[PDB]
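Student: Handing you a structure now.
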Amino acid sequence: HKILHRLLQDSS
Amino acid sequence: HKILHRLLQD
Amino acid sequence: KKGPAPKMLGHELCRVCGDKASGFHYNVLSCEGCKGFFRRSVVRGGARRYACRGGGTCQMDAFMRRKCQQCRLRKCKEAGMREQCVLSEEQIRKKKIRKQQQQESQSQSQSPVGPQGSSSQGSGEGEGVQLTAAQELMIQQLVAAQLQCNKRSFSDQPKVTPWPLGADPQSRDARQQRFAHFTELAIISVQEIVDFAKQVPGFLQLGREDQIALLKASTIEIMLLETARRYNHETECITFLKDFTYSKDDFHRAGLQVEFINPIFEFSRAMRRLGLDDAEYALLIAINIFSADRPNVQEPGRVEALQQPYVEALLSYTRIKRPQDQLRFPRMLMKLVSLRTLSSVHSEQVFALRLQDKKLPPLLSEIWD
Amino acid sequence: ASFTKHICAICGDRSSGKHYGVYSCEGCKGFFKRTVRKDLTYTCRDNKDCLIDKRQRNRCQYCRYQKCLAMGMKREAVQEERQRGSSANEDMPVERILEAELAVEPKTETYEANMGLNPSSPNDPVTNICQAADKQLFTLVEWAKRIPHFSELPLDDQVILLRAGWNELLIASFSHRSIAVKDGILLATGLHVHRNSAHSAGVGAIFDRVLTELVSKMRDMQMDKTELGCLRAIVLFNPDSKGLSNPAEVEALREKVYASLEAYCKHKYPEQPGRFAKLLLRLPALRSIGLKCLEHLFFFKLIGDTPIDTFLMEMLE
DNA sequence: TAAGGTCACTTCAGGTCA
DNA sequence: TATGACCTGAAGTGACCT
Ligand SMILES: O=C(O)Cc1cccc(OCCCN(Cc2cccc(C(F)(F)F)c2Cl)CC(c2ccccc2)c2ccccc2)c1
Ligand SMILES: CC1=C(/C=C/C(C)=C\C=C\C(C)=C\C(=O)O)C(C)(C)CCC1
Ligand SMILES: [Zn+2]
Ligand SMILES: [Zn+2]
Ligand SMILES: [Zn+2]
Ligand SMILES: [Zn+2]
């Protein structure tokens, strides 16, 4: 649930 | 295997 | 003196029965009988017809046509008679009122010309009807977002494990290498999807776990769509990142099971008969994200309501572009089911990988586990 | 070539001499005249491959006008002020499908203090559901026979299609049967489930999924027998089933069901443009449910606790 | 000539009725 | 009740005047 979330808030 | 075929026959 | 008529005739008979035709009727030439029969068949479809007990070998002529109506209609279809050539009830009302009430019959009265003794046309709103502005704006936005998010994956090309050509066929680490490669391509795919959905309007109106659940659920199916879009019909190969092409046997060397690989290729070759453009693909993906039947969804109402505009926008785009093909839309909405089946197959592939104690990347292991 | 002066430059007929700036006959003259006058935009479905000659020139007006304009005819030369300006039926009738649904399901309700059956007990929900399923497989084949063109198919393909779709068929059936109750579903044996019982049985997830995504939506949009039968027909014909002799026929029949259903929607419910699309969108939700139920069916069968009847066993084996 | 118009002529929809 | 010769009836075409 963490990595997708950190991919959400900003640009990858 | 058996039943459905016979039910579909008639 | 020459006769003043085009007059295309001469008894070319009938494509249904073979009796004498009076001319072309419903995109084919036929007689009065076949024409009337076809009309009454289209306007009334709930009429009682007798099933064909004599087999589909029923012979058509100027006599037996009254025997089997189903075969007669079926050969009317074989004749190429279109159903849309029969005027509907709302279509026929305007082909009456114009010809009765005033124009061409019983009434002509105007300001000019008048022997009256003893007996804004163009647009209201700036219309032109269907496919409104906001819809096309949304479509173009989705396409532009698709391209913009697609360009980010182009710089990740030499970030990945090279393909081991000329590799030992019995080598396990070769299969492991190809597998790792494809999983990395899948990572790029997932990030790309996340960015795309991020640029999708209305998607930011949901909660964190809502967006996360929707993405985790729709990811594989979106990948299937993007793969089917990158499929090459003639060469029978799939090209990822536009410079990387792979055949079916390449997936066979990847270590993937046949039951996983085959239906995907079936799905990919099935979508080329649709001939979808970037707009329809983008709309399909957009709808697919907004499916409310996904697991772990707290507010399915918001998601369904968000799915509403994309569905109808896809409808207006389909009907206007290709009025000739009316089955394109239901055949497009039906691909979602295939996406579900292939999603189940995908999950079974994941479990298959889990069976051999194989490891997949933390992101992919986050989504599909 | 000065002989071409005596012929039409478009259809290649004998001309009267120059009219619109090219040499053309009275036909192309009057055609370009009547066209440019109203300047009506033609639509040719071929497309754009049309070759215009003397004989066939009146078959396609679009390409004729395009060839007239290509020869150098002017729209400014034309006087009079102006320049530039259902169903598909009887192959797959919905009435016979309706007849099938009415034949198989006797249970309905009209306008006080009555209804056929709703007894209950929360033991054992899974066993009772399997029992009802086995009960309804026979009515499922009996439903399949009354569906147009299915009986004409080869026997083995009929077997395959039934074995493939039986789950989703029965599911849609009891969902629409339970459309009047929340929550939850009424069995064809008459007994009641009551999802609390499903939760206590460990199957509550898929059950509540059925409650949320099927019966709820069906009740919200008020789906009738015709639409239910059509959706069940779409589920019934699957070209993607394994072992099919001629999948293209099945796919074609499915398309026929699409056209017929969309027709019925454009007739019965002119109010809702998204009715048909909604009905189609109920299908992907059904597939994910139909598959998940098989996973539990493969489970409870392999565990060897809940008694499974012979027909249901055959469908599972 | 080269522009118009007229109106015998075609066409292919639906509707009638014995 | 379904059927097909037959009509109503517009939109169109072109030989021939104007
Ligand atoms: O090239 C780009 O633009 C980026 C991109 C876009 C879409 C897909 C993609 O990678 C797909 C090709 C490799 N893929 C690996 C894979 C994907 C998803 C799950 C798994 C797994 F972990 F479950 F196994 C794997 Cl191994 C496989 C690919 C495929 C196509 C045809 C036959 C076999 C495999 C695929 C799998 C699932 C969905 C779509 C394609 C890169
Ligand atoms: C949803 C459900 C399941 C499957 C239901 C199926 C496969 C058929 C139901 C048929 C009925 C209920 C027919 C009728 O009423 O006519 C299983 C057992 C996996 C899990 C819990 C309940
Ligand atoms: Zn005929
Ligand atoms: Zn027949
Ligand atoms: Zn000409
Ligand atoms: Zn043309």
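Here chain D follows Swiss-Prot for its numbers: 128-212, 224-249, 251-456, in order, are the residues you see.
Header entry for method reads X-ray crystallography, 3.1 Å.
A Cβ is built for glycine as well, from the same backbone N, Cα and C atoms used for every other residue.
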Student: From the ranges D:160-165, D:178-183, D:334-339, D:406-411, grab the one Swiss-Prot calls region 'Nuclear localization signal'.
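Tutor: Comparing D:160-165, D:178-183, D:334-339, D:406-411 with Swiss-Prot, region 'Nuclear localization signal' matches D:160-165.
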Student: If you look at how Swiss-Prot annotates this chain, which of D:135-155, D:252-272, D:378-398 comes out as zinc finger?
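Tutor: That would be D:135-155, the stretch labelled zinc finger in Swiss-Prot.
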Student: Pick from D:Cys177, D:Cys369: which one does Swiss-Prot list with D:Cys171, D:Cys187, D:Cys190 for the same Zn(2+) 2 site?
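Tutor: My reading of Swiss-Prot gives D:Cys177 as the candidate in that site.
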Student: May I ask which of the binding-site residues D:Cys138, D:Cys152, D:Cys155, D:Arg316, D:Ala327 is closest to D:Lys145 (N6-acetyllysine) if we compare their C-alpha atoms?
Tutor: D:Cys152
Student: Report, as numbers and ranges, every residue of the chain located at least six residues beyond the region 'Nuclear localization signal' (D:160-165) whose Cβ falls under 8 Å of a Cβ in that stretch; write 'none' if there are none.
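Tutor: Distant Cβ neighbours of the region 'Nuclear localization signal' (D:160-165) are 188, 192, 202, 205, 207, 209-210, 212.
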Student: Within the same chain, where does the zinc finger (D:171-195) have neighbours whose Cβ lies under 8 angstroms from its own Cβ atoms, ignoring anything closer than 6 residues to its ends? I mean 6 or more beyond.
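Tutor: Long-range Cβ neighbours of the zinc finger (D:171-195): 135, 137-140, 147, 151, 154-155, 158-159, 162.
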Student: How far is it from D:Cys152 (Zn(2+) 1 binding site) to D:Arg316 (all-trans-retinoate binding site), counting Cα to Cα, in Å?
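Tutor: Pair distance, Cα basis, whole Å: 71 Å.
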Student: If you count other Cβ atoms within 10 Å of each one's Cβ, which of the recorded positions D:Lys145, D:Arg316 has the most?
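Tutor: Answer by Cβ density within 10 Å: D:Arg316.
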Student: DSSP on the region 'Required for nuclear export' (D:348-368): how many residues come out helix, how many strand, how many coil?
Tutor: 18 helix, 0 strand, 3 coil
